[PDB]
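A single chain, nothing else alongside it, follows as structure tokens in the form deposited in one PDB entry.
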């Protein structure tokens, strides 16, 4: 008899604008407004170590604004042709929204509007539609995902020593992470992570090492070797009163595409020590015997599918092996990997692909093949906490969102604390059992 405003879910206005990311570079934000008054807003993150097969981040290249990194062309796409094509379409039909954008762009890699344009609208639409449906974003995402009412709290992997392209130090390995597997709630995980991070500062200070931070909030000391990162972490974990293995495990992201040069893996920080893919796999293996490293991401170059097959055959039964730049959140590429016995896990970045629909497709493909899905930030973030809702609503099981410093990382942890407080035992924290090779 009366039609509620929630039913009035057609898009009436889309506003694109240029905001600033956690490195000080421009990025795209969009707002999507519905007839019933609902609004969602979101922003595109931005990577530094970008895989060569990522959907295109469109920047302006005008050296007179922001050293060429303006995003006015992307924002113009949001405000002009994207908006014109979505006005009057039902925001609750996520897959329908995304399809109109992807089709209008018409390109493989989203190079006409930019993946930055399309993603911001895609995520803002989802938020809008959640609110039109009368629910929080994680609940709407589980509905979009085909898994209604099913949630979990992700096991975070927390990058507390930063290197490679994220920092100005002599460390080649991009990320050294802790995982609070012994925690019973993500709130407890967050606190354990904070404690270890603070004890790590004390460890580093006593050795005369720098405690300023890199792009993801972890320390960026100069170390005598990439392995030494592991020793200092171990030290800190023990100083915080925790058992390495039992309470806390380790993970790494090598981002090895960043140090592959003329067909070899070259550790610049270790006097340009060069390795073939087999030898580099053996280097990684020796680390996994000395420390409880249970996950390794991008252990080899994006293009070295032979090397990945090998690595997966030698390490994959025991260790989670995460493809990041290997897969670029891309069903086309993940499928071929799954067929070739390559990796057993994927890092999910909605901006590697450019829409929430395509991102949920990549999570489905991984889950169906027994691969784990790790929901990830980019090194260039904003105060946006969307990935926390994505992790819970897809019950992905794991999240990669930074050190326990910088609100560009800590805003996602706080969103996790909020979600867990509303859901309680409806969103279990499953611990080490979420990680490939431990269940």
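Numbering follows the first chain given and starts at 1. Whichever C-alpha set is largest while still superposing within 1.5 Å between the two forms counts as the rigid core.
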**Asked** Taking only the CA atoms, which stretch has the higher mean B-factor in the record, 83-91 or 271-279?
**Response** 271-279
**Per the entry, higher mean C-alpha B factor between 10-18 and 411-419** = 10-18
**Asked** From 358, 304, 298, 188, pick the one with the largest CA B-factor in the entry?
**Response** 304
**Asked** From 146, 134, 106, 217, which pick has the Cα B-factor that tops the rest in the entry?
**Response** 106
**Complete:** Assert third(CA B-factor, residue 383) within chain per record equals middle
**Asked** Of the three thirds of its chain by CA temperature factor, lowest, middle or highest, which one includes residue 197?
**Response** lowest
**Asked** According to the PDB entry, is the CA B factor of residue 350 in the bottom, middle or top third of its chain, that is, lowest, middle or highest?
**Response** lowest
**Message:** Quick check for you: using the entry's CA B-factors within this chain, is residue 39 in the lowest, middle or highest third?
**Reply:** lowest
**Message:** By the recorded C-alpha temperature factor, relative to the other modelled residues in its chain, which third is residue 242 in?
**Reply:** middle
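The discussion below concerns the form deposited in another entry, not included here.
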**Message:** Listing 184, 264, 198, 340 as candidates, which single one shows a C-alpha movement of 2 Å or greater between this form and the one not shown when the core is held fixed?
**Reply:** 264
**Request:** Verify the C-alpha shift of residue 163 between this form and the one not shown: is it 2 Å or more after superposing the core?
**Result:** yes
**Item:** Threshold 2 Å Cα movement between this form and the one not shown for residue 48, core superposed
**Value:** yes
**Request:** Take the rigid core as the frame of reference and indicate whether the C-alpha of residue 107 shifts by 2 Å or more between this form and the one not shown.
**Result:** no
**Prompt:** Taking the shown form as reference, are the C-alpha positions of residue 106 and residue 48 brought closer or pushed farther apart in the other entry, with a change of 3 Å or more?
**Reply:** closer
**Request:** Work out whether the Cα atoms of residue 47 and residue 56 come closer together or move farther apart in the other entry than they are in this form, the change being 3 angstroms or more.
**Result:** closer
